[PDB]
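To begin, one chain is listed below as structure tokens, in the form deposited in one PDB entry.
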């Protein structure tokens, strides 16, 4: 509908896949080569479904900060026959607040879903499902079950992936350029 939705649609149409684990279906952001991200609570194993194709997981790493605190991001390398468009240049370098973000979701249940979530706070610490978690972004939108893995964008930046909510607010794990240095 506007330049925010334009940037979000460009990311969704080329850099997402539908990931299915034993814990359900997630929006999964592909970042470069065969490297993607997903919320750590997806519990990625040795085999994952990617757009309903049985796919070997070559590596999975649940990220923690240097205080050894959960970040709720898992980086997956997929045994896929095709690379992702490299979008690393759209990742922020530092922790930050943002204006006017869009949360975008694409699953069997919620195809082509785009949400204007508005102002994004660098919230920091959250007790997420009883797990102390750092580098959390907050937005005042009543997000719900099925939106985990959703991509959070501003114009020009891919800033986070949706990981939870409390019924009034939604919470995203930051994406930083330093996670995807090769």
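Positions refer to the first chain, counted from 1.
Of the two stretches examined, 129-137 and 27-35, the record assigns the greater average C-alpha temperature factor to 129-137. When 70-78 is weighed against 89-97, 89-97 comes out higher, by mean CA B-factor as recorded in the entry. Residue set 17, 172, 168, 11: peak C-alpha B-factor at 168 (per PDB entry). In the PDB entry, residue 53 places in the highest third of its chain by CA B-factor. Sorting the modelled residues of the chain by their CA temperature factor places residue 40 in the lowest third. When the CA B factors of the chain's modelled residues are split into thirds, the value for residue 112 lands in the middle one. Split the chain's modelled residues into thirds by C-alpha temperature factor. Residue 62 is in the middle one.
Sort the modelled residues of the chain by CA B factor and residue 122 lands in the middle third.
Although it is not shown, the form deposited with a small molecule bound is what the next lines describe.
For the chain shown alone, residue 44 is not a contact residue for the small molecule in the deposited complex, no non-hydrogen atom being within 4.5 angstroms. Although the partner is absent here, residue 59 is a contact residue: one of its heavy atoms lies within 4.5 angstroms of the small molecule in the deposited complex. Using a 4.5 angstroms threshold between heavy atoms, residue 120 stays clear of the small molecule in the deposited complex.
Contact check for residue 35: a heavy atom falls within 4.5 Å of the small molecule in the deposited complex.
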